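Since the structure comes first, as structure tokens, the remarks are kept for the end.
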Amino acid sequence: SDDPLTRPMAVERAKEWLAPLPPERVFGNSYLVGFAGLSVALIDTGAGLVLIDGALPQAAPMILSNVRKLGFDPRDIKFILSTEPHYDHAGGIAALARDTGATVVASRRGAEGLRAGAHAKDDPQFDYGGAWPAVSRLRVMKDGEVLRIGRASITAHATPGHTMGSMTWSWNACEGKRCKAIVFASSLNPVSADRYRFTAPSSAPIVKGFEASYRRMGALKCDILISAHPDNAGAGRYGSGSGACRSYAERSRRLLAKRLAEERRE
Ligand SMILES: [Zn+2]
Ligand SMILES: [Zn+2]
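Basically the deposited numbering = 1-based index in the sequence shown + 18.
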């Protein structure tokens, strides 16, 4: 069995990214089933399960194992939400969709990258090239659109900048009468291949994209923040409490400012 959808990528970086963690309940019906360096969430909606992201291709079996350790059947995963079409977050999604029958859910631009399993021309990391497992079974959400399943309501928020189709997901998780607003934030890291310039006129959609993302992340109700790379939000697997999403955005803003200045230095 040479499985195209799980054949490993980035095996050296994966030693850190995929370091194991026990799966844990976040709050309510919502759980973490990812790794030390890459977040994967699992929502039990009462009418099926929803996963958020899929890590690397070889992570798909590890994710399904974690889902089982929590007592769930992966055959009940109905949707896999995608924050971005890069192989460290989408790499395992095709395998997960194959094995579960789930529909993959993304932004319009995100879906285009998922279908291709390759970088789009306006992706800051286009020049890195490469290919990763492509996805075909795709549902596009518009910015502000809500996915309702079981008793859960998940809102899609376009949060471009890292790529044009990067997308953040929010929903409420409840325990008895107490509910918390959870945000699973796409990366906002301004990184690129070597020759890419964020200050080029052709990059303006990406830079205006970051500005819209900062405004969105400042507006969200955000009792709990799960960052696609959890170290971007700090120590531990998620951050909580007033201000988390705003701090996350400010971190990105500071990195972007530093990057723009770097490009404007002689
Ligand atoms: Zn990325
Ligand atoms: Zn990433």
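The beta carbon of each residue, even a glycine, is placed where N, CA and C say it ideally should be.
Cα atoms of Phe45 and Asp145: separation of roughly 40 Å, rounded to the nearest angstrom.
Between ligand 1 and the CB of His107, the shortest heavy atom gap is smaller than 8 Å. Counting only residues whose CB is nearer than 6 Å to a non-hydrogen atom of ligand 1, the list in chain order is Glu102, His104, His180 and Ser205. Pairing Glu102 with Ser19, the inter-Cα distance amounts to about 28 Å. Per the C-alpha coordinates, the member of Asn207, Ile200 and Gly257 positioned closest to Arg269 is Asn207.
Relative to ligand 2, the beta carbon of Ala246 is positioned inside 8 Å of a heavy atom. Nearest Cα to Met27 within the set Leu165, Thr118, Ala54 and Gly148: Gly148. The region 110 to 130 and the region 174 to 187 touch, with no fewer than 3 CB-CB distances between them shorter than 8 Å.
With fewer than 16 other Cβ atoms from the protein chains shown falling within 10 Å of its own Cβ, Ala65 counts as exposed. Inclusion of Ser245 and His107 in the CB contact set at 9 Å is not warranted, their separation being larger than that value.
Annotation: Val58 to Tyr49 spans about 9 Å, alpha carbon to alpha carbon. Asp249 is bridged by DSSP to nothing; it lacks a bridge partner.
Where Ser83 is concerned, the enclosing alpha helix (DSSP H) starts and stops at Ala78 to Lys87. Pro22 is classed as exposed because its beta carbon has fewer than 16 other beta carbons within 10 Å across all chains shown.
Ranking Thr24, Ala237 and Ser83 by CA distance to the CA of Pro38 puts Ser83 first.
In chain order, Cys263, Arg264 and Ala267 place their CB closer than 8 Å to the CB of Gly236, counting only its own chain and leaving out the 5 sequence neighbours on each side. With a cutoff of 9 Å on beta-carbon distance, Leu238 and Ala199 are scored as near each other. Taken through DSSP and simplified to helix, strand or coil, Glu102 comes out as coil. The beta-bridge partner set that DSSP reports for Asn190 consists of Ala199. If you check the CB distance, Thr24 and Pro92 do not come in under 9 Å.
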